[PDB]
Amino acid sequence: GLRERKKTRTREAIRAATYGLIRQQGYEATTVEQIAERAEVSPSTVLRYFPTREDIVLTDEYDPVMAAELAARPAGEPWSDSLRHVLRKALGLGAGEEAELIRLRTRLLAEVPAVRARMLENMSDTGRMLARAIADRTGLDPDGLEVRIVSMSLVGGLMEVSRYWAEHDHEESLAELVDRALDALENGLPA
């Protein structure tokens, strides 16, 4: 019954271990086994919480995290600037070494189709939390089509940018690519 917070505290320690190990030693050098030890937790506890290591990577999950970022604007802010806010943050733009960890997840997205594969299977099976937050601030039907289209389209926008940054870093920053992405999502189709 203080079980909903031994639960999260252990999820978080596994999250922190795996991130910690990836910085030092790269993704594939990171074994679940190595992860338990560092989280000071059994291997079957990791598994039970995170079926694959991709799942640990995608714990700060996108949809719920971009949704909350958007609900909590909460500024009577135009749409364009809420969308700039949430997409920059979701990709790891900003001060914070919390931004720094997010940026690493942005690179994994590009380097690991296993990670990009999973974020992709993740990527249907919901959340509709982001869709529901777009509806609040546009007033649209929360369960309607339009908002699911926009939401898929932002989630797959963030994924295209992160793939594109990894191949074009020498010539474009993450930041200007985000600007390009937002522009295309807001104005692109035309005709």
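So that there is no doubt, residue numbering starts at 1 and follows the sequence shown.
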Which of the two stretches, 22 to 30 or 149 to 157, shows the higher mean Cα temperature factor in the record? 22 to 30
With respect to the recorded C-alpha B factors, which stretch has the higher mean value, 48 to 56 or 158 to 166? 48 to 56
If you rank every modelled residue in this chain by C-alpha B factor, which third holds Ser80: lowest, middle or highest? highest
Place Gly92 in the lowest, middle or highest third of its chain's C-alpha B-factors, as listed in the PDB entry. lowest
For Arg107, the third of its chain by CA B-factor is the lowest
Would the CA B-factor of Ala72 place it in the lowest, middle or highest third of its chain? highest
How does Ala131 rank on Cα B-factor within its chain, lowest, middle or highest third? lowest
